[PDB]
Amino acid sequence: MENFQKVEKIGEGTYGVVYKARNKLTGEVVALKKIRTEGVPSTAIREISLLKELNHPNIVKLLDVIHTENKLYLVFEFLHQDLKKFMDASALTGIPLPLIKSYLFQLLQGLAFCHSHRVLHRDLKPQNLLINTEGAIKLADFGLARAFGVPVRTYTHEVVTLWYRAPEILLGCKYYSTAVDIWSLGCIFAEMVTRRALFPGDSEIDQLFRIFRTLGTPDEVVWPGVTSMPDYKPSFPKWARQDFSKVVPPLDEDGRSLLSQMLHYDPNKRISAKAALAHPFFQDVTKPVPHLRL
Ligand SMILES: COc1ncnc2[nH]cnc12
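Numbering-wise, the sequence shown is residues 1 to 36, 41 to 298 according to the deposited numbering.
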């Protein structure tokens, strides 16, 4: 750490405080993420170490891992804004569709890359999607979930949001897959379009029931095996599925079609990042440069 000058406290991360800092020997401006006691387990150090080679232009670059006095810091490429802040800022007018389309397409490339190596995010959320002045968007904290877990509360006891959590996680599946990230990104896509979170649950049952109210209560017809999952209850209320036309106006037929595929209940049938990239929604994708005030 004495290789760095902290600049400001940036944020409270999932795992610890996040600092903006400058490397005294190289000038680089970085994000430093403290990872909150018998030292760091050796398994977590090896997992993190693999993430140093999982490099992609839509994945926030992991520069280095600093483990001293049994205290752990991750050094990351610094980006100046996140999608949560950008959405809050664009509330009056909404993010223009070409920009939505570009961010979704970039995020899907990020996912297609990571998922080709069977690495998951598992906690995608706007606060994790970071943006630069060149029109890029990038996934932050990719693979930390496998390395450190996803806690119910953060180190500051802030509630970890359930809003982007896939139904198979909520229903207690042990061995969920890359599809969980597709679900999260679908929820984000919808939030970009509508300017409101799709499923803003405030408990696990509220999260599930919000999902069911919009998409229909899942059954063995649309999701084979669902009634056998650990937290499935036969007594769940039975809601009918809503039309996507009601859910995400004014999204066009292509975007509604894609969204529907990203929100399929059955994780086997949910579209892959690779397949999503071929969807007709992206036929006319561009890379607009957003209006950013820093
Ligand atoms: C808040 O987290 C962060 N802020 C700015 N840059 C980052 N890079 C990775 N995490 C970041």
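A virtual CB, placed ideally from N, CA and C, is assigned to each residue, including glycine.
Got a sec? Which residues, its chain only, sit under 6 Å from residue i by beta carbon, not counting five neighbours each side?
i    : result
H119 : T182 and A277
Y107 : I141
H268 : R274
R260 : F248
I35  : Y15, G16 and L76
Check whether the Cβ of residue i sits closer than 7 Å to any heavy atom of ligand 1, and report yes or no.
i    : result
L55  : no
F90  : no
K33  : yes
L219 : no
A144 : yes
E28  : no
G114 : no
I10  : yes
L128 : no
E162 : no
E81  : yes
What is the residue span of the alpha helix (DSSP H) that residue i lies within?
i    : result
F80  : No alpha helix (DSSP H) holds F80; the beta strand (DSSP E) holding it covers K75 to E81.
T218 : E208 to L219
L32  : Not the alpha helix (DSSP H): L32 falls in the beta strand (DSSP E), residues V29 to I35.
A151 : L148 to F152
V184 : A183 to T198
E257 : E257 to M266
Do you know how far the Cα of residue j is from the Cα of residue i?
i    : j    : result
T290 : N132 : 23 Å
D206 : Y168 : 12 Å
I99  : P292 : 11 Å
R217 : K250 : 12 Å
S188 : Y77  : 27 Å
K24  : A194 : 42 Å
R50  : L255 : 43 Å
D185 : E57  : 20 Å
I63  : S94  : 24 Å
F285 : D258 : 5 Å
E224 : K9   : 48 Å
Where do the N-terminal and C-terminal ends of the beta strand (DSSP E) with residue i fall, by residue?
i    : result
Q5   : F4 to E12
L133 : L133 to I135
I141 : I141 to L143
Got a sec? Which residues, its chain only, sit under 8 Å from residue i by beta carbon, not counting five neighbours each side?
i    : result
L281 : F109, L112, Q113 and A116
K6   : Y19, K20, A21 and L32
Would you list the residues sitting across from residue i in a DSSP beta bridge?
i    : result
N62  : The partner list for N62 (beta bridge, DSSP) is empty, contrary to what the question assumes.
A21  : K6 and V30
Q85  : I135
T72  : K75
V44  : In DSSP, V44 forms no bridge with anything.
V163 : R157
Leaving out the 5 sequence neighbours to the left and right, which residues in its chain are closer than 7 Å to residue i when beta-carbon positions are compared?
i   : result
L67 : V30, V79, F80 and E81
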